[PDB]
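Student: Below are the structure tokens for one structure; questions will follow.
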Amino acid sequence: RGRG
Amino acid sequence: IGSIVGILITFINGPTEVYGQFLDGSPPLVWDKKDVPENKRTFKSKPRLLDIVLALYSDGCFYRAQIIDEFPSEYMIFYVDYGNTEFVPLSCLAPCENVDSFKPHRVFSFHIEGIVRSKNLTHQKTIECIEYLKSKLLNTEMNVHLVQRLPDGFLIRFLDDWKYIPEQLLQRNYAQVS
């Protein structure tokens, strides 16, 4: 999904 | 209430400024290597200044970027939905279709109100503050108070769950009051  | 908006921090521009999206529920604009097979991986004309392309970040996933500079061996690129600047070669770039390219750019600049970067901040201490804010805020979703609109972007104020961040920046001499 989004970056971590 | 209406002055509170939801944001996602994507990048730390400086000790008192971050880049981020407004939260509205729409899914992120990112492509797997599985959704970029090689028909879509080569252009009809070599990309150039200001063109909007897909670019490969360190996580191995494609994001929308704009070439903001060009040299013989590298491009300098800006991720329009995330806000970090990188240097890449042509092999890291893929054509981005017009349906995906026309979507508005999602990154905006927010300033923490009431504080500015310390004048005495050294290069190393500046790097360290960026790393601290990365540890706390990077890719973090949270509601904030939109204090003001600025020419650059927005002036926000943290709520009770994150009001400690400016306090720590002041405590650690990363920041002074305005």
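These protein sequence lines map, in sequence, to chains A and B. Using full-length UniProt numbering, read the first sequence as starting at 13 and increasing by one per residue. Using full-length UniProt numbering, read the second sequence as starting at 568 and increasing by one per residue. For each residue, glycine too, the CB sits at the ideal point set by N, CA and C.
(1) If you reduce the DSSP assignment to three classes, tell me which class residue 828 of chain B lands in.
(2) By the three-class DSSP mapping on this structure, what secondary structure does B:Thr689 have?
(3) Which residues does DSSP list as the beta-bridge partners of B:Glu653?
(4) Can you name the residues that DSSP bridges to B:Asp636?
(5) Is the shortest distance between the beta-carbon of B:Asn706 and the beta-carbons of chain A less than 8 Å?
(6) Per DSSP, which one or two residues make a beta bridge with B:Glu708?
(7) Going straight from the alpha carbon of B:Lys703 to that of B:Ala661, what length do you get?
Tutor: According to the structure data:
(1) Chain B is shown only over 568 to 745; residue 828 of chain B falls outside these bounds and no answer can be derived.
(2) In this structure, B:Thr689 counts as coil in the three-state DSSP scheme.
(3) B:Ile644, per the DSSP bridge assignment.
(4) The bridge partners DSSP lists for B:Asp636 are B:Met643.
(5) By this cut-off, B:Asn706 is an interface position.
(6) Paired residue(s): B:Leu575.
(7) C-alpha separation (whole angstroms): 32 Å.
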